[PDB]
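Each chain gets a letter, A, B, C, D, E and F, in the order it is written, and its residues are counted from 1.
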Amino acid sequence: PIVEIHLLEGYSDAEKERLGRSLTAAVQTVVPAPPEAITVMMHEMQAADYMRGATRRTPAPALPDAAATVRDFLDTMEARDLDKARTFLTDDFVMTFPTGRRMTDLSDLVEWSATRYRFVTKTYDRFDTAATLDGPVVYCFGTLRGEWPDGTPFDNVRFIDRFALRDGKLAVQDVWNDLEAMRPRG
Amino acid sequence: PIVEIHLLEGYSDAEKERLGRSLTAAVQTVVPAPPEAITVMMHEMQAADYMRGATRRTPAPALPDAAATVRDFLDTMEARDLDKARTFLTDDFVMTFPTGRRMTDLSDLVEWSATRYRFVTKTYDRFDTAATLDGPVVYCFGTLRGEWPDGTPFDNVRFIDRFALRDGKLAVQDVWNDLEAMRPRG
Amino acid sequence: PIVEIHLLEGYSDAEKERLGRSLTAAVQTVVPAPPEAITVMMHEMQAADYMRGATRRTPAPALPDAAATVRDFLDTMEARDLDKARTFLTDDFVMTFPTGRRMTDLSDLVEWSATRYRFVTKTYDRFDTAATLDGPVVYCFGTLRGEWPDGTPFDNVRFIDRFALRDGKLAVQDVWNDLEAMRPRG
Amino acid sequence: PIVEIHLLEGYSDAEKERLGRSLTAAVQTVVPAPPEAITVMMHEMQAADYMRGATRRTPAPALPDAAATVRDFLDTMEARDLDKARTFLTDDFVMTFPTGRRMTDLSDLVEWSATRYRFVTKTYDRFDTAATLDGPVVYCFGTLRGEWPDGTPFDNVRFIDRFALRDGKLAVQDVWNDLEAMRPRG
Amino acid sequence: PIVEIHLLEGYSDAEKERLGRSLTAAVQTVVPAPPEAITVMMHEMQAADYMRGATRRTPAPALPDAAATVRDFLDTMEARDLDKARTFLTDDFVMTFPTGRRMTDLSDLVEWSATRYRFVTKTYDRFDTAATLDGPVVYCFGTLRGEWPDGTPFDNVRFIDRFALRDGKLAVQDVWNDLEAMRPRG
Amino acid sequence: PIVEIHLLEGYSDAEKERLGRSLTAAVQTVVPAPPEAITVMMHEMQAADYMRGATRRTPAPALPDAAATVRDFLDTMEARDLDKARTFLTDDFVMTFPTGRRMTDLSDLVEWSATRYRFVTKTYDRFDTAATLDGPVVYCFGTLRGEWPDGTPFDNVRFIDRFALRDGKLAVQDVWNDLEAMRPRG
């Protein structure tokens, strides 16, 4: 198939590359063509050349790459810089962790997790973005290395995180992992 | 923005609705417009009206809704009908469950899980589809109700599954959940 | 220039001819091309092939030719069939006649005009439609034949009417003419 | 609906705004959509990118806003600057005034109207442009203030003018008003 | 590259295949892409959906495949059916043969060639069509088998013909060949 | 008809003029419209605005005008500059001349033709280009002036050449002419 999209000028070459990959993948959820067979053409318009409601329109500035926002937030959390982490978040951000623990304060999380392990470090196997009609949703998964509270090291403990965004800011985090499954029981 | 897509005749009204929603969401990963502002127009062509390589082309039949394939497979598994379940799968299907247990045989899974709970039943909170350039990827999550092996009932145990597909068939399953986190320890 | 327009199926061949003439004339208010040089192409879409807001849309049924509505109302008024005339009108229809007389009741008009002439009959020289962003506006003009109240005949008395419409119904009438200019003064 | 128009480069942002409003209104004479629902996209082409008859074409320079030409001519006439007024006119310009008086010379008009009032000054309620296939046609109307020949002042006397243009110049004027209707009769 | 063409309904699937191959080859005279990379999409319009000069237009019926017309004429000439051959021709058809002999009458040709060989039979190596802006031009070439006037057989004598057409009928024929080069000289 | 073509930026105004004439003529092999009725519009895209296979693509640099390449080679051959002539040619270039003589070496040709005439000079009546799906093919024809080996002059001897190209270089030459037909026989 061939996809054309009409948009106002002002998007970067990198924003366009994202949009083009995104449209190409959307086609592949219905049409089992290889990416190589799918064309995306973008038609950029000056403000004077576009009109809706008999008025000119001003383009909404692009959203940031949601997957990179998510990675940057989780990197900031591993560096323990909470002041910076809170800048990625909506005022009503909610996280849910294993056991169903629901928290709204990043410091509540740190208290809670101290009892569960000394530290943990994420290795990422993959980021997937799920385009929805309420904006993008980010899934990332891979493995954890760390130490149980007695200093015993572990590695390779599967994890997965899900983030919902709102106007580029993180609004909901959900977390699932294999920690309780691999924890030693004496 | 306005999206046009050119495709050969032969897709159903329902396949088109999927493709149109999918393209609309793709736009929203970069352009923070509301769905209401985004138009998708589909231009359908008879075979005589399309030519690539100076030849007519024959359309690849649509892929099934991946999320519905996934739901149907997991429903079949809850009914214990393995013969039917295997028809959803590629010959090299691989599942990975908590602890990192890797299995290729649906009967291996049933043996293994019998030791972990009497039964479990999924309530779905959400299906998300992640369009990628290797085809769609399905994420679903919600909660489990069941009984521990001693007959003790539990409900509301968070879970998440991830499926990768290949030409409409399920090729990779990954599973993460809160069972070991909620299991009673005596 | 070349004009394309994308619309949902359901318009008649005659509604399309109106729309095509209308778009062709719009171009000529800025570009001094002859009609012969201007192309209009209409792209008709089945409901399954169009999507805004990730939903299908249902086309608003065409407006009637405003100039013909206006002619039909004025013909009905010349036949004195007020019951039928009132069906062309909005509930708040207002007419303004020479001297600035403002009336909302068709019977008020008949009372008033009886003192001004025995009868009058319109010959139309032209109908012009003014496309605006509040819908079409109709101008028609030509001459009147009739009799002054003493039975003296006149012909060829210039007149002009202006109508504003609202959802196909007549909402405002304004009238200007040469009657008082040609009336005999003894 | 969605309207695309293909045109050669060289039109101003203001000429485009006129053309876009004009096309938007044309749609509304048939399709009862609100302006807000109607999109106009203009595709501008360099000369090297357009070909008709296997040759490049040179764009006809835009027509001036006909309504503004008309206003400027009538303002010049109120200032009594006939030398400048004649520059707006075709060589065969014809005016028709109440009683059907037909004149081709602006000085003939001034002679004639001196007997009818001392002076008159237009207040404009509205300009409407009627796109036709012989070019734009301008209608304007509102009220007159002035003095009858005995110095008696009047205000609020309804008037309407109609202009036909030809290649940007005024070619036909028609006038209708309430003066004879409001003139005092002693 | 991607080529779209807009045309009125009424062309056959075979006329479209010709037009699509023809447009694909035109691209390849400038852009060194393989045919496989070049897409042609044809947009067919009902009469009600197309307008030029504010009127509907009626499509000119397709031209026949010029190469097949040429082959059919030359086959008819080999069968000696002149009555049928003349139906392929314009009233002013002109042929030019080796030595520059110019003839307008098919019977003149037969007289002339009788002195040159007993008979000759064409084997075609290729037909090429040259799209020009005065319509298509056909070139065909291959070899001749026959007998010199003394009954001596020859084969494999190179030839080439060129035809210019006019509204589907043959208007000019030019011929060049190796006969005089291979004729035996005693 | 109306033709649009979508291409990457980087073609000259002259390459576009060729492509536009070429597409216009292609239409005329099926649709008997005059060139004046046929529109070609070229849509040029920046690399950031085009994507196939979810990657940006780099345009293949234009082919040179094949007819001009052919003329330049034949002009170089008339000047006897073989070193320069060989630069127009593929490594496997093959020429076939009257009698079917097949040669791969430009010096072989010069030896052979010395026995046939003192010299010859081409006057061109026409170049035609035949767009095919293996690239352009060039036909040129007109007349020869020269001298037979005894110094006797001739003029006006019809000739025709055909060239097949490959990636802009000449790959096959075929030649047919009236020399043996006009040679004097004593």
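Here is the rule we go by: contacts are C-beta pairs under 8 Å (C-beta built on N, C-alpha and C of every residue); 3 or more make two chains touch, one makes a residue touch a chain.
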Out of C-F and B-C, which chain pair has the most contact pairs?
B-C
Can you tell me which pair among A-E, A-F or A-B shares over half of its residue-numbered contact pairs with A-D?
A-F
Looking at chain A with chain F, do both copies bring the same residues to the contact (over half shared) or different ones?
different
Using mean CA coordinates as chain centres, what's the chain B-chain E distance in Å?
58
Let me have the rounded angstrom distance from the C-alpha centre of chain B over to the C-alpha centre of chain D, please.
63
Rounded Å distance between chain C and chain D, as computed from the means of their C-alpha atoms:
19
What parts of chain B, by residue number, touch at least two of the other chains?
2, 6, 21, 24-25, 35, 39, 41, 43, 54, 133
Interface residues, chain C side, partner chain D - complex:
1-7, 11, 15, 18-19, 21-33, 35, 59-63, 66, 96, 98-100, 128-133, 135-137, 139, 141, 156, 158-160, 162, 167-168, 174, 176-183, 185
Sort out for me which residues of chain F touch chain A in the complex.
6, 43, 45, 48-54, 56
In the complex with chain A, residue positions of chain E that touch it
2, 39, 41
Can you name the residues of chain D that touch chain A in the complex?
13, 16-17, 20-21, 24-25, 34-44
